[PDB]
Amino acid sequence: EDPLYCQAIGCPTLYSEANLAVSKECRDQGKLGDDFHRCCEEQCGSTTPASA
(Lines give C-alpha, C1' and ligand atoms only; values in the text may rest on other atoms or scores of the structure.)
Protein backbone atom coordinates (compact mmCIF):
# COMPACT_ATOMS: atom_id res chain seq x y z
CA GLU A 1 0.00 0.00 0.00
CA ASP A 2 2.41 2.73 1.18
CA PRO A 3 6.15 1.77 1.13
CA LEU A 4 7.87 2.90 4.34
CA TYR A 5 11.27 4.37 3.45
CA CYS A 6 13.59 6.89 5.11
CA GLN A 7 13.54 10.65 4.62
CA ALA A 8 16.15 11.97 7.07
CA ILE A 9 18.14 15.23 7.13
CA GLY A 10 21.42 14.28 5.42
CA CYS A 11 20.62 10.80 4.07
CA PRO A 12 19.34 10.41 0.43
CA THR A 13 15.91 11.85 -0.37
CA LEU A 14 12.84 9.58 -0.38
CA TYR A 15 12.49 8.96 -4.15
CA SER A 16 16.19 8.63 -5.08
CA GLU A 17 17.97 5.51 -6.36
CA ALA A 18 20.40 5.45 -3.40
CA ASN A 19 17.49 5.68 -0.90
CA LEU A 20 15.96 2.30 -1.89
CA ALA A 21 19.15 0.45 -0.85
CA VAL A 22 19.65 2.19 2.54
CA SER A 23 15.95 2.49 3.50
CA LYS A 24 15.12 -1.18 2.72
CA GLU A 25 17.69 -2.34 5.32
CA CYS A 26 15.99 -0.25 8.05
CA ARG A 27 12.49 -1.26 6.84
CA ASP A 28 13.39 -4.97 7.16
CA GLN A 29 14.63 -4.50 10.75
CA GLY A 30 11.73 -4.28 13.19
CA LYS A 31 8.45 -2.99 11.74
CA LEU A 32 7.16 0.32 13.16
CA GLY A 33 8.73 1.95 16.22
CA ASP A 34 12.23 3.19 17.06
CA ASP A 35 14.57 1.54 14.50
CA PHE A 36 14.11 3.90 11.52
CA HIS A 37 15.79 6.96 13.12
CA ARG A 38 18.89 5.21 14.55
CA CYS A 39 19.16 2.95 11.47
CA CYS A 40 18.73 5.89 9.05
CA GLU A 41 21.29 8.03 10.93
CA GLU A 42 23.69 5.08 11.48
CA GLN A 43 23.22 3.83 7.91
CA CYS A 44 22.71 7.24 6.30
CA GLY A 45 24.53 7.47 2.96
CA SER A 46 28.10 8.71 2.50
CA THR A 47 30.11 7.33 5.43
CA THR A 48 33.45 8.94 6.33
CA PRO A 49 36.47 6.54 6.56
CA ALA A 50 37.76 6.54 10.15
CA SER A 51 38.94 3.62 12.29
CA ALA A 52 37.90 4.25 15.90
# chains A, B, ... in the order shown; residues from 1 in each chain; ligands from 1

call {"tool": "residues_around", "arguments": {"residues": "residue 19 (chain A)", "least_positions_apart": "3", "cutoff": "10 Å", "atoms": "only C-alpha atoms", "output": "list in words"}}
result
residues 5, 6, 7, 11, 12, 13, 14, 15, 16, 22, 23, 24, 44 and 45 of chain A

call {"tool": "select_by_dssp", "arguments": {"residues": "chain A", "states": "alpha helix (DSSP H)", "output": "PyMOL selection string"}}
result
chain A and resi 17-28+36-42

call {"tool": "atom_distance", "arguments": {"atom1": "CA of residue 28 (chain A)", "atom2": "CA of residue 2 (chain A)"}}
result
14.7 Å

call {"tool": "closest_residue", "arguments": {"among": "A:9, A:17, A:52, A:3", "to": "residue 37 (chain A)", "atoms": "only C-alpha atoms"}}
result
A:9

call {"tool": "atom_distance", "arguments": {"atom1": "CA of residue 26 (chain A)", "atom2": "CA of residue 48 (chain A)"}}
result
19.8 Å

call {"tool": "closest_residue", "arguments": {"among": "A:1, A:46, A:33, A:41", "to": "residue 18 (chain A)", "atoms": "only C-alpha atoms"}}
result
A:46

call {"tool": "atom_distance", "arguments": {"atom1": "CA of residue 20 (chain A)", "atom2": "CA of residue 49 (chain A)"}}
result
22.6 Å

call {"tool": "decode", "arguments": {"residues": "region 15-44 of chain A", "atoms": "N, CA and C atoms", "output": "PDB file, in the first residue's frame"}}
result
ATOM      1  N   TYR A  15      12.641   9.615  -2.836  1.00  0.00           N
ATOM      2  CA  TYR A  15      12.488   8.964  -4.149  1.00  0.00           C
ATOM      3  C   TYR A  15      13.787   8.984  -4.972  1.00  0.00           C
ATOM      4  N   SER A  16      14.925   8.719  -4.336  1.00  0.00           N
ATOM      5  CA  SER A  16      16.191   8.635  -5.080  1.00  0.00           C
ATOM      6  C   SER A  16      16.642   7.175  -5.188  1.00  0.00           C
ATOM      7  N   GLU A  17      17.491   6.888  -6.169  1.00  0.00           N
ATOM      8  CA  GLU A  17      17.968   5.506  -6.360  1.00  0.00           C
ATOM      9  C   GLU A  17      18.789   4.998  -5.165  1.00  0.00           C
ATOM     10  N   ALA A  18      19.634   5.848  -4.589  1.00  0.00           N
ATOM     11  CA  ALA A  18      20.396   5.446  -3.396  1.00  0.00           C
ATOM     12  C   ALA A  18      19.515   5.191  -2.162  1.00  0.00           C
ATOM     13  N   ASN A  19      18.377   5.874  -2.054  1.00  0.00           N
ATOM     14  CA  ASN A  19      17.495   5.676  -0.896  1.00  0.00           C
ATOM     15  C   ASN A  19      16.915   4.256  -0.812  1.00  0.00           C
ATOM     16  N   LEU A  20      16.532   3.653  -1.935  1.00  0.00           N
ATOM     17  CA  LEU A  20      15.959   2.296  -1.891  1.00  0.00           C
ATOM     18  C   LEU A  20      16.905   1.278  -1.231  1.00  0.00           C
ATOM     19  N   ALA A  21      18.205   1.370  -1.490  1.00  0.00           N
ATOM     20  CA  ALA A  21      19.154   0.452  -0.846  1.00  0.00           C
ATOM     21  C   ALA A  21      19.260   0.679   0.669  1.00  0.00           C
ATOM     22  N   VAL A  22      19.471   1.921   1.099  1.00  0.00           N
ATOM     23  CA  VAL A  22      19.650   2.186   2.536  1.00  0.00           C
ATOM     24  C   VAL A  22      18.339   2.076   3.336  1.00  0.00           C
ATOM     25  N   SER A  23      17.229   2.548   2.778  1.00  0.00           N
ATOM     26  CA  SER A  23      15.948   2.489   3.498  1.00  0.00           C
ATOM     27  C   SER A  23      15.376   1.068   3.614  1.00  0.00           C
ATOM     28  N   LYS A  24      15.621   0.205   2.631  1.00  0.00           N
ATOM     29  CA  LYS A  24      15.122  -1.177   2.717  1.00  0.00           C
ATOM     30  C   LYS A  24      15.785  -1.975   3.854  1.00  0.00           C
ATOM     31  N   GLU A  25      17.049  -1.693   4.162  1.00  0.00           N
ATOM     32  CA  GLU A  25      17.694  -2.336   5.320  1.00  0.00           C
ATOM     33  C   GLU A  25      17.004  -1.957   6.639  1.00  0.00           C
ATOM     34  N   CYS A  26      16.709  -0.674   6.833  1.00  0.00           N
ATOM     35  CA  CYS A  26      15.989  -0.254   8.045  1.00  0.00           C
ATOM     36  C   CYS A  26      14.523  -0.716   8.061  1.00  0.00           C
ATOM     37  N   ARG A  27      13.863  -0.743   6.904  1.00  0.00           N
ATOM     38  CA  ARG A  27      12.486  -1.262   6.838  1.00  0.00           C
ATOM     39  C   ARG A  27      12.405  -2.748   7.223  1.00  0.00           C
ATOM     40  N   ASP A  28      13.369  -3.552   6.781  1.00  0.00           N
ATOM     41  CA  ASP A  28      13.387  -4.972   7.157  1.00  0.00           C
ATOM     42  C   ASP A  28      13.590  -5.180   8.668  1.00  0.00           C
ATOM     43  N   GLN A  29      14.426  -4.364   9.304  1.00  0.00           N
ATOM     44  CA  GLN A  29      14.629  -4.502  10.752  1.00  0.00           C
ATOM     45  C   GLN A  29      13.438  -3.924  11.517  1.00  0.00           C
ATOM     46  N   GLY A  30      12.871  -4.739  12.396  1.00  0.00           N
ATOM     47  CA  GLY A  30      11.726  -4.281  13.190  1.00  0.00           C
ATOM     48  C   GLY A  30      10.443  -4.236  12.360  1.00  0.00           C
ATOM     49  N   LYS A  31       9.700  -3.146  12.502  1.00  0.00           N
ATOM     50  CA  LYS A  31       8.449  -2.994  11.744  1.00  0.00           C
ATOM     51  C   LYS A  31       7.996  -1.531  11.816  1.00  0.00           C
ATOM     52  N   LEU A  32       7.609  -1.074  13.004  1.00  0.00           N
ATOM     53  CA  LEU A  32       7.165   0.317  13.158  1.00  0.00           C
ATOM     54  C   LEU A  32       7.414   0.716  14.614  1.00  0.00           C
ATOM     55  N   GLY A  33       8.441   1.524  14.846  1.00  0.00           N
ATOM     56  CA  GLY A  33       8.730   1.949  16.218  1.00  0.00           C
ATOM     57  C   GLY A  33       9.959   2.850  16.268  1.00  0.00           C
ATOM     58  N   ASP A  34      11.015   2.370  16.913  1.00  0.00           N
ATOM     59  CA  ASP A  34      12.226   3.193  17.065  1.00  0.00           C
ATOM     60  C   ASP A  34      13.162   3.055  15.858  1.00  0.00           C
ATOM     61  N   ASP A  35      13.546   1.817  15.527  1.00  0.00           N
ATOM     62  CA  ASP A  35      14.575   1.542  14.500  1.00  0.00           C
ATOM     63  C   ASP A  35      14.885   2.676  13.509  1.00  0.00           C
ATOM     64  N   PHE A  36      13.904   2.994  12.667  1.00  0.00           N
ATOM     65  CA  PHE A  36      14.114   3.902  11.523  1.00  0.00           C
ATOM     66  C   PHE A  36      15.030   5.114  11.747  1.00  0.00           C
ATOM     67  N   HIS A  37      14.944   5.779  12.896  1.00  0.00           N
ATOM     68  CA  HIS A  37      15.793   6.959  13.122  1.00  0.00           C
ATOM     69  C   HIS A  37      17.263   6.573  13.357  1.00  0.00           C
ATOM     70  N   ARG A  38      17.515   5.649  14.277  1.00  0.00           N
ATOM     71  CA  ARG A  38      18.895   5.211  14.554  1.00  0.00           C
ATOM     72  C   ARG A  38      19.510   4.343  13.441  1.00  0.00           C
ATOM     73  N   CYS A  39      18.672   3.662  12.669  1.00  0.00           N
ATOM     74  CA  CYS A  39      19.162   2.955  11.473  1.00  0.00           C
ATOM     75  C   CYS A  39      19.268   3.836  10.216  1.00  0.00           C
ATOM     76  N   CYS A  40      18.506   4.921  10.141  1.00  0.00           N
ATOM     77  CA  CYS A  40      18.733   5.889   9.054  1.00  0.00           C
ATOM     78  C   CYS A  40      19.812   6.940   9.361  1.00  0.00           C
ATOM     79  N   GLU A  41      20.091   7.219  10.630  1.00  0.00           N
ATOM     80  CA  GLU A  41      21.285   8.031  10.931  1.00  0.00           C
ATOM     81  C   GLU A  41      22.564   7.181  11.016  1.00  0.00           C
ATOM     82  N   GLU A  42      22.492   5.939  11.490  1.00  0.00           N
ATOM     83  CA  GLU A  42      23.692   5.084  11.479  1.00  0.00           C
ATOM     84  C   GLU A  42      24.021   4.608  10.055  1.00  0.00           C
ATOM     85  N   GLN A  43      23.037   4.053   9.351  1.00  0.00           N
ATOM     86  CA  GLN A  43      23.223   3.827   7.909  1.00  0.00           C
ATOM     87  C   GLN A  43      22.536   4.978   7.171  1.00  0.00           C
ATOM     88  N   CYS A  44      23.302   6.023   6.878  1.00  0.00           N
ATOM     89  CA  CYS A  44      22.712   7.239   6.303  1.00  0.00           C
ATOM     90  C   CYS A  44      22.967   7.310   4.794  1.00  0.00           C
TER      91      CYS A  44
END
